[PDB]
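Novice: Opening piece of the complex, as it sits:
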Amino acid sequence: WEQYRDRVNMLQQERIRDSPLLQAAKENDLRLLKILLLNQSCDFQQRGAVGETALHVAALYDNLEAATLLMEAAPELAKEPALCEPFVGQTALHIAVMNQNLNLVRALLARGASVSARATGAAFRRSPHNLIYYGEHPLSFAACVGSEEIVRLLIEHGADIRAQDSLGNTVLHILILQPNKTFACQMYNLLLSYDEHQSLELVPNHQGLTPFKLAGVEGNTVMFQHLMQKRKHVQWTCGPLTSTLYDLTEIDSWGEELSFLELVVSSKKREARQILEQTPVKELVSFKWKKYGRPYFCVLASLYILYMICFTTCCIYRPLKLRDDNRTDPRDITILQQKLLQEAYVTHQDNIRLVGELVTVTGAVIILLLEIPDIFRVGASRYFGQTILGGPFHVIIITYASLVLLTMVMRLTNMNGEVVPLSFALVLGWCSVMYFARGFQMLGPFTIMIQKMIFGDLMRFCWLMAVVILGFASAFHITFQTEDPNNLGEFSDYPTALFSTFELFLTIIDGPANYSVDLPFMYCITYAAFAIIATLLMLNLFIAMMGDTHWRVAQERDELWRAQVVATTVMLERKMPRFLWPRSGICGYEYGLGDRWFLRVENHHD
């Protein structure tokens, strides 16, 4: 996995140094090559540990002289690849192209090396194990390494550009996938110059991604503005300000089931939310959010708040009657019990409760009908793990809907204990109102800052906090086992000791002090220790740690909310009917432009 690559590397070096031919081709000592090569006892077709030829060893260490006497001795040595596991099809042409030796590429293609060689090795895969991902073809290698004349000479000797390696990538896809974009745009432009017969730009992956859409997913913003340089038309310029006309064919993407914006905003990269601030996309989603996004999000926020008010009002009024059995046990304060279903609804007010119960059951099942096909559409790890798409809000709204239907089953079945799913349903359903805070600048970054602290600082405080609560709760319970529980009812047994220590951690309840009786001195010692450690330091160190966290990632949650507005915009018009959402942009059929649905911007550059 990683020590297997190391093992096969030491085996490769060992079979290089054991063979005199391979080690002599590595050292580039020409006279000893002629001594062992003039004699016919040596084997020219001699393999390495990975099945590599001595020509591969000569191309590995930039040994042009060793390689050209190997080709002069045997001309066929170009036309064998390595045939082992990490290099299933790697030829000497791949090594010569990657090392950027132009004379070696010329002298190796002179004898007839295959330019369509497909190196399906484990090292030439898009994997986290490999440091680079340059392709399976020599032309992809020449485009990724950044050599212009090697690309031109590969076009001159065969090597059609429309060659797809594994995961469906052509050379344009892998040119976008490289970092260090100084030479990527010129290479892309030069292979678009030779692209003369569907075009090469529309060839997808095995995932189905256009190179435009792959640049959208990968966050290659420099390549994105380079691509929209070719997809734009400057209408006019008049002094300091110009008006230009971008094309929304590959951005809006009307006819495709998977659109460009859904692949952009639901990507796992830390980038590709800064590609939503580019020159067509930012004003496109800005017009889409101001014109239709924010009023519709406010409408669904208002009806969800009214639905929560209806659910809360149907929770407050409940079928509760007086209990039948008298309480002969002290410490029991239950005076009411929930009544049976046959006696629950005979009142006009119980019918008013019943129709609202039908409303909240209908709301729960339409929440499930809206949300379970999203779990079946995009994968559940990406659906629930993305804070851009409101993944925690999705899992708590599934939990709320399942708790409401569980409450409905317990209501028809007359099971006891409806207060537990009703209280979980009220807490989670009212906390699901926080999903609609993303539509406002005042509440959005604050809400995802809350979820950021919930994931980051709350857990790392709660583990250490639970350790301190367990230790001091054990001490508090074993300081008062000998004492009377009627004077200090806290720390009576271990669950209420653990809960009381949890409350005393947070300075919620007062310190247990009965001044009319004599308390143990060990309680005072361990409560001074609990006050110094947990009350004084740990709570205020959590305040200081959240301040230190809050000043650092404020820009991150600002741009995360800026992407979250786009996620809200593209979540709508995929669910809502199309007569609520007209097609964004300027229709080109009215002006004789060929129904491409452009978008005009006007910018002041001087």
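Specialist: Arrived safely. Residues are numbered from 1 along each chain as shown, chains lettered A, B, ... in the order given.
Novice: Report the distance from stretch A:474-489 to the chain centre.
Specialist: 51 Å (Cα atoms, centre = their mean, to the nearest Å).
Novice: what about it, start to end distance?
Specialist: Length of stretch A:474-489, first residue to last, Cα to Cα, to the nearest Å: 16 Å.
Novice: So which bits of that stretch are buried?
Specialist: The neighbour-count check on stretch A:474-489 (16 or more other Cβ atoms under 10 Å) flags A:475-477, A:479-480, A:483, A:488 as buried. Using the backbone N, CA and C atoms, a C-beta is placed for each residue, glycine as well.
Novice: Kindly export stretch A:212-231 (C-alpha atoms) in CSV.
Specialist: Taking C-alpha atoms only, stretch A:212-231 is exported to CSV below (Å, rounded to 0.1, in the frame of the first residue of the first chain):
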residue,chain,number,x,y,z
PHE,A,212,-15.9,22.9,-17.8
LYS,A,213,-17.7,20.9,-15.1
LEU,A,214,-14.5,19.3,-13.9
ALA,A,215,-13.0,22.8,-13.6
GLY,A,216,-16.1,23.7,-11.6
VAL,A,217,-15.7,20.7,-9.3
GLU,A,218,-11.9,20.9,-8.8
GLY,A,219,-12.0,24.7,-8.0
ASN,A,220,-9.6,25.6,-10.8
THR,A,221,-10.6,29.3,-10.9
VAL,A,222,-7.7,30.4,-13.2
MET,A,223,-8.7,27.8,-15.7
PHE,A,224,-12.4,28.7,-15.2
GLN,A,225,-11.8,32.4,-16.2
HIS,A,226,-9.5,31.2,-19.0
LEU,A,227,-12.4,29.0,-20.3
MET,A,228,-14.9,31.9,-20.0
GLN,A,229,-12.5,34.1,-21.9
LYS,A,230,-13.4,31.9,-24.9
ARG,A,231,-17.1,31.8,-24.0
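Novice: Other residues contacting that stretch?
Specialist: Stretch A:212-231 has contacts (Cβ atoms under 8 Å, 6 or more residues apart in numbering) with A:173, A:176-177, A:181, A:184-185, A:188, A:201, A:205, A:209, A:211, A:246-247, A:249-250, A:260, A:263-264, A:267, A:269-275, A:278-280.
Novice: buried stuff in it?
Specialist: For stretch A:212-231, by 16+ other Cβ under 10 Å, it's A:212-221, A:223-228, A:231.
Novice: Could you list which of those residues belong to helices?
Specialist: A:212-218, A:221, A:223-228 (DSSP state H).
Novice: In JSON lines, list these along with distance to residue A:134.
Specialist: Below are these laid out as JSON lines (distance: Cβ to Cβ, whole Å):
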{"residue": "A:212", "distance to residue A:134": "22"}
{"residue": "A:213", "distance to residue A:134": "22"}
{"residue": "A:214", "distance to residue A:134": "16"}
{"residue": "A:215", "distance to residue A:134": "18"}
{"residue": "A:216", "distance to residue A:134": "22"}
{"residue": "A:217", "distance to residue A:134": "19"}
{"residue": "A:218", "distance to residue A:134": "16"}
{"residue": "A:221", "distance to residue A:134": "22"}
{"residue": "A:223", "distance to residue A:134": "17"}
{"residue": "A:224", "distance to residue A:134": "22"}
{"residue": "A:225", "distance to residue A:134": "24"}
{"residue": "A:226", "distance to residue A:134": "21"}
{"residue": "A:227", "distance to residue A:134": "21"}
{"residue": "A:228", "distance to residue A:134": "26"}
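Novice: Also put chain B in, sequence below:
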Amino acid sequence: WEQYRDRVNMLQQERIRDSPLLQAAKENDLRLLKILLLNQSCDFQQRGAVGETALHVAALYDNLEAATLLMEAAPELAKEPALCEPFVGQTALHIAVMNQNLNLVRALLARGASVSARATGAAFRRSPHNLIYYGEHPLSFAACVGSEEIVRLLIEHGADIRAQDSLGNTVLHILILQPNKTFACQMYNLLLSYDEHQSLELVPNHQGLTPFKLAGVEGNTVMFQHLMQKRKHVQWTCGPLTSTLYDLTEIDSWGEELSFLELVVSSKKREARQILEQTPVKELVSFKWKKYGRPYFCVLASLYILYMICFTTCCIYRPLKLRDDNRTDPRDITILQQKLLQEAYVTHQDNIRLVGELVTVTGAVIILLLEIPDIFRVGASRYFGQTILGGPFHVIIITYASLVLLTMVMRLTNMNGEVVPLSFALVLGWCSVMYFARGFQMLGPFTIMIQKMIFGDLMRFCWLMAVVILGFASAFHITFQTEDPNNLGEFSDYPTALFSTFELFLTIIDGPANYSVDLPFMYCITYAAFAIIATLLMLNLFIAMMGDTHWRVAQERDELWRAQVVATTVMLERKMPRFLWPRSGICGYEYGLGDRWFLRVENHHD
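Specialist: One more piece, chain B, placed on the ones above:
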């Protein structure tokens, strides 16, 4: 100490200016030297205050002419050192080499100055009193001062390199010990060029440190990477990425009892935890932590958590019975007492408690058998003072094991008062679970941030806080001595007044206010003063001070946790059996490299 060096410096200057010969050699007036030196009444072998010669005075002030007429008048003046306390063996050659005057070194070694002169003075020692530590030999002086030609002329005239001064250092050790490493690597390479017969690089200190290990302890990272340029082999390079093969002979150090990593991570320097981020070491301890470190640490953490759950469960269930004597005294709430040992265990449940007591006694004694030989191995100040090695966790786990054994002695002896060592044992043993938080990125830096604020800000707040508690507790107790204790039981006598003022500092209990009675007005005045000073300012200024501390040293606790993971990794495989921990690296015997156990990395440099 330091005013003795000042005193001997003024005595040195006084006996320079009292002597006409020494002051004339200092001022470099040639004719007055010829006048007093042509006459035979003057003494050529005339001492200073430190026993220095006039040749030493001429070499001290760069007086080449005074020194060469002193050597022409008397040729023997090179071959005497100073013979007093701060300079026991300092010659004029040491002063001439330190002042970097090449012509005086040539004219002084022409007359036959000793190149193997060993200056065992108090000024030439590795001490905090001395500003520099350049050695006892002129070759070490020439290497530390940074002169190439003086070094070459010293090797041309005797001066073997394998000369060890005090604390076992050769010239390479003291070349590593210097700061300002611009000329240190070239000097080290130049004396490794002259090293032609064990090699010089393997000569240790009197402490036993190799110069590789001394560079590891001292934190000389530039010298560390310069040393591992010579201990590495580049296997291949193919375009943008290369694969190279570092040697782990002096890094892993299998056969030695003291290994390189233990001397690195348990050093008292503020540096040498940034030497764990170097190219071989970070990859080696990263593989050692992912492959074997983290699963074994998680297994030990889960086993210790289950052991402490067993100790907590054996603490909750206790041999407690009803008390024999009735309580005729009010304010006494003790209703249970611990029973005798002969009546403690007759139940099946008491046997289930007894076997768990045997389990936690076995756990305490194996904690002692694992931890007391560590106190006997490395010194106790370094063992308990290092937050990298978990020193506070070590002293609280010794305290927990001793408290559990004291509880066992009190249980067999039937002493009363087991609740005090049981509660200290529960608090300290559950706080020892915080040791295992260092294996996770989420909990580790937070835990050593807690320890940092405990050492730094908690003490500096608690001294000031205890001052405020003492003053306001004295005022609160002397405001209510005239009043009824049955209405406000707090501030009754001075310990409960001190404790009540302590928990009123922290806003734990409510303010004492009985509205059914008339309180003193002076209590209201001094409680307003206590609320303004302690409640309002001091607590929130402690919050502000910990925020100001927390933003500054966040990267320090990040790199301290990064060293702490390496400390955990090297703490294991020293304690655990060797079949749990196989030898890290790639064995060179399988590939014919001579059993050196290398490690291969592959890096993308372009």
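Novice: Could you re-examine the buried residues of stretch A:212-231 with chain B now present?
Specialist: Residues A:212-221, A:223-228, A:231 are the ones in stretch A:212-231 that count as buried (16 or more other Cβ atoms under 10 Å in any protein chain shown).
Novice: And stretch A:168-183, by the same measure?
Specialist: Buried residues in stretch A:168-183 (16+ other Cβ under 10 Å): A:169-178, A:181, A:183.
Novice: Please export the C-alpha coordinates of that stretch as PDB.
Specialist: What follows is stretch A:168-183, C-alpha atoms only, in PDB (Å, rounded to 0.1, in the frame of the first residue of the first chain):
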ATOM      1  CA  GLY A 168     -12.800   8.800 -18.600                       C
ATOM      2  CA  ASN A 169     -10.300  11.600 -18.500                       C
ATOM      3  CA  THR A 170      -8.900  13.000 -21.800                       C
ATOM      4  CA  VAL A 171      -5.900  15.200 -21.900                       C
ATOM      5  CA  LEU A 172      -7.900  18.400 -21.300                       C
ATOM      6  CA  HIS A 173      -9.400  16.900 -18.100                       C
ATOM      7  CA  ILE A 174      -5.900  16.100 -16.800                       C
ATOM      8  CA  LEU A 175      -4.600  19.500 -17.800                       C
ATOM      9  CA  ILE A 176      -7.300  21.000 -15.600                       C
ATOM     10  CA  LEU A 177      -6.500  18.500 -12.800                       C
ATOM     11  CA  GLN A 178      -2.800  19.700 -12.500                       C
ATOM     12  CA  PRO A 179      -1.700  22.400 -10.100                       C
ATOM     13  CA  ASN A 180       0.800  25.100 -11.000                       C
ATOM     14  CA  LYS A 181      -1.500  26.700 -13.700                       C
ATOM     15  CA  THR A 182       1.200  29.100 -15.200                       C
ATOM     16  CA  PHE A 183       1.800  26.700 -18.100                       C
END
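Novice: interface residues of the stretch 51-200 of chain A facing chain B?
Specialist: The stretch 51-200 of chain A comes close to chain B at residues A:60-61, A:95, A:98-100, A:131-132, A:145, as judged by Cβ under 8 Å from any Cβ of the partner chain.
Novice: at 7 Å what do you get?
Specialist: A:60, A:95, A:98-100, A:131-132, A:145 (Cβ under 7 Å from any Cβ of the partner chain).
Novice: Identify all contacting residues around stretch A:487-495.
Specialist: A:476-477, A:480, A:485, A:496-497, A:500, A:512, A:514, A:517, B:316, B:333 (Cβ atoms under 7 Å, 6 or more residues apart in numbering or on different chains).
Novice: most centrally placed residue in chain A?
Specialist: The residue lying closest to the centre of chain A (Cα atoms, centre = their mean) is residue A:268, at 2.1 Å.
Novice: ok, and the closest non-adjacent residue to it?
Specialist: Nearest residue to residue A:268 in three dimensions, chain neighbours excluded: residue A:382, at 7.1 Å (Cβ to Cβ, 6 or more residues apart in numbering or on different chains).
Novice: I'd assumed residue A:237 was in a strand, is it?
Specialist: Yes. Counting by DSSP: H, G, I helix; E, B strand; the rest coil, one finds residue A:237 located in a strand.
Novice: Across the sheet, point out what pairs with it.
Specialist: Residue A:237 has these beta-bridge partners by DSSP bridges: residue A:242.
Novice: What about it, how many residues nearby?
Specialist: Look at residue A:237: counted by other Cβ atoms under 10 Å in any protein chain shown, it has 13 neighbours.
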